[PDB]
Each structure stands twice: as structure tokens, then as C-alpha cells.
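To start, the structure under review is shown below, and the notes come after it.
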Amino acid sequence: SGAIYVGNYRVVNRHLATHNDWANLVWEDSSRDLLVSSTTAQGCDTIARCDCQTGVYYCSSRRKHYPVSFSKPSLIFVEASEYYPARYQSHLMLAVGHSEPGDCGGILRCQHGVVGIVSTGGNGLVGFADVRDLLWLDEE
Ligand SMILES: Fc1ccc(C[C@@H]2CCCNC2)cc1
Ligand SMILES: Fc1ccc(C[C@H]2CCCNC2)cc1
Ligand SMILES: [Zn+2]
């Protein structure tokens, strides 16, 4: 689990979005595993605006932060988890690292702020849904 809180926005994995998230839907993309809902309380997170390929992610299944090198956001085929089947995901970044289902929502961060959230895993890789393209998260 886990979310990003920036202004009046909550960013979550689309597959973990709550009834409240969907009731206050701002934007969702099934291909990206992202949903943004509106919040009454102002969030304090900063979204990274950059093309860093290094950062640190929180891995709840190890209660540890790991430094990783990660690929630029791409269209990637993802093999069978349990929440999703096998299928294709856009704006996805991979690193070598530990990821289990419940690690989704772990934040990946660089010096510039939040890069993305854990979204996929398995075969010794971790996949992160990029948010750095969502410039609109930084206003109203
Ligand atoms: F009125 C409402 C409000 C939110 C949901 C959305 C949830 C999301 C998970 C799947 N069950 C539905 C439905 C109806
Ligand atoms: F998890 C992290 C990782 C790094 C920073 C800090 C910056 C500044 C020092 C070098 N670049 C990184 C913040 C949160
Ligand atoms: Zn950066």
C-alpha cells in the first residue's frame, strides 16, 4: 500500500484505489495502473520534474529503502501477478530489486522529489509507475 499527496490530489495504484478514491476521481489510466482522487487536506509531497534514472524506493516487504538504477518510462509487457493478469503497462520504469504484491504504493524518489510508485514485480525486478509527466499535479 501507499500514496502520494501533492496539493489537493492523492495518487494511488489504480488496483488499490478505494471506493472513496473512485467517488472523488480526478483522473485514472488503466494502462498505467494510476488513479488520482481529490483530497480536502493540502498534501506536502513534491513531484520530481527530471529525467533521473537513479533513486531510492521503499520496499514494505523488507521494511527497507533500496537505492536503484531504473529504466526510462516505457510500454512494458508484465507477466502474471494476481491483481492484474499478464498484460502491457505504459509509463513503467524497471529496476533490479525486490517487489511483492503488497509493496505497491512504495515511493521511488530522487533529489528532485517523487518519481513514481511501486506497481509491478517478480523475476527479481521492481516496476514503478512514473508520475513525473503529470505536470498538472503541481497546480489547483
Ligand atoms: F458509488 C460508488 C463509489 C465508488 C465505487 C468504486 C469501487 C472501486 C472498487 C470496485 N468496486 C467499486 C463504486 C460505487
Ligand atoms: F530518498 C532520497 C534520496 C536522496 C535525497 C537527497 C538528494 C540530495 C543529495 C544527493 N541527491 C539526492 C532525498 C531522498
Ligand atoms: Zn530527479
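Don't worry about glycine lacking a Cβ; one is built from the backbone with ideal geometry, like all the others, and counts go over all protein chains shown. The values are calculated or read from the model by the stated rules, or taken from the named source; nothing here is a laboratory result.
Listed by first and then second residue, the pairs linking a residue in segment 15-30 that is within 14 Å of residue 83 (Cβ to Cβ) to a residue that is charged (D, E, K, R) and outside any loop (DSSP other than H, G, I, E, B), with Cβ atoms under 8 Å apart and 6 or more places separating them unless they lie on different chains, are 17/28; 30/14. Scanning segment 104-138 for residues that are buried (at least 19 other Cβ atoms within 10 Å of the Cβ) and polar (S, T, N, Q) yields a total of 2.
For residue 12, the conditions (1) assigned by CATH to the domain that holds residue 131; (2) in contact with a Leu (Cβ under 8 Å, 6 or more places away or on another chain) all hold with the exception of (1).
Residues are listed down the side, and each one gets a yes or a no for (1) within 15 Å of residue 138 (Cα to Cα); (2) touching a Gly at 6+ places or on another chain (Cβ under 6 Å); (3) loosely packed, with under 13 Cβ neighbours inside 10 Å:
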| residue | (1), (2), (3) |
| --- | --- |
| 6 | yes, yes, no |
| 10 | yes, no, no |
| 13 | no, yes, no |
| 17 | no, no, no |
| 20 | no, no, yes |
| 23 | no, no, yes |
| 32 | no, no, no |
| 50 | yes, no, no |
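For segment 7-53, the candidate set comprises residues that are outside any loop (DSSP other than H, G, I, E, B), among the β-branched types (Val, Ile, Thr) and over 25 Å from residue 95 (Cβ atoms); within that set, the residue that is nearest to ligand 2 (Cβ to nearest atom) is 39.
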